[PDB]
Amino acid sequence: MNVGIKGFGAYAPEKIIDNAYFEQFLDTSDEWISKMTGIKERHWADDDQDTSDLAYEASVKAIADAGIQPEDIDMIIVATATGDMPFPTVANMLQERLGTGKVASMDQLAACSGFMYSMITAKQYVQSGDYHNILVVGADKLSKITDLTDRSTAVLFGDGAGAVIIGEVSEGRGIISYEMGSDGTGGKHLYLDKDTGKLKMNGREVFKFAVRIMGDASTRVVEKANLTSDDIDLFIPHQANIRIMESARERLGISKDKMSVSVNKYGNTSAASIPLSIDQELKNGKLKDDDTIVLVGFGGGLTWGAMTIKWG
């Protein structure tokens, strides 16, 4: 069987925040932020728009793109680290808002690597032959856990969502190979502070891990796919920092005209970052049926994931 993406959709909220905005209360500048992260703007959800709302906009587009009805969905999986509540989950809320049947729904937590973990999980279910159209979403409203007084993190995160329908795809297409991992010793380097409720990060430690793991993991899934860098049409890494992405790109061997870059317009959106990037490449005519791409991400945990996909 060939399991792949039957439909795709992504969404970013209305309010756009440019770099200049942070100078009103932080010791920063457009130049500094651009130079250190590659970010120029980022999108923040309105105060009445939560993670579930972002997830729902991405999900309706992915369903429409798959050409199926909400009744065709047989499972909903949501990768998020910022769900509205622990229960009901964002997945539970989509079940009702999308009007699907009373199908299994659950959220999965693996931070920025969440979308990858969830697509792979969906693959397993579809593979069993018992599921045919699984809605997988990667959504996060990071503005909810950002500490605005911390210049290091305040300018990094944005809000957004991406969604796909995982199911059987035509011959040769789909998820070819994949890799998932975690390393809890790095937990103290990126975590949600218990009584502050804000993201705390050891930037240098996360930077070092990101660059090595994203390059290593990418190389492994390309080989397990029996391919080489030259066969990859698009390299789509978690969009956390343009300097991390560039290092990982080198360590991979792929040319820059082949790496998707969207961190400049969205900042870091955790689980939604790879899908938002995919959306741009689709809209700018850079990703086509039968193109071969490599998705790779890292995240708090620490966690990582990577996969090779034959598009269409």
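Residues carry their position along the shown sequence, with the first being 1.
Given 223-231 and 206-214, the range whose Cα B-factors average higher in the PDB entry | The deposited B-factors put 223-231 ahead on the C-alpha mean.
Once you work out the mean C-alpha B-factor for both 261-269 and 58-66 from the entry, which is higher?
-> In the deposited entry, the stretch with the higher C-alpha B-factor mean is 58-66.
Please work out which residue in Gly99, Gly160, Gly129, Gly181 has the highest C-alpha B-factor recorded for this crystal structure.
-> Of the candidates given, the C-alpha B-factor peaks at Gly129.
Would you mind checking which of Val169, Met119, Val103, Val78 has the top Cα temperature factor in the PDB entry?
-> Highest C-alpha B-factor among the listed options: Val169.
Could you tell me which third, lowest, middle or highest, the C-alpha B-factor of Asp46 occupies within its chain?
-> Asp46: CA B-factor falls in the highest third of its chain.
Would you mind checking where the Cα B-factor of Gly197 ranks among the modelled residues of its chain, as the lowest, middle or highest third?
-> Highest third - that is where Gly197 ends up once the chain's C-alpha B-factors are sorted.
Lowest, middle or highest third: where is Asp279 by Cα B-factor in its chain?
-> It belongs to the middle third of the chain when residues are ordered by C-alpha B-factor.
Chain third (lowest, middle, highest) by recorded CA B-factor, residue given as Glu71 | Highest third, going by the recorded CA B-factors of the chain.
Third of the chain, ranked by Cα B-factor, where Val136 sits | CA B-factor rank for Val136: lowest third.
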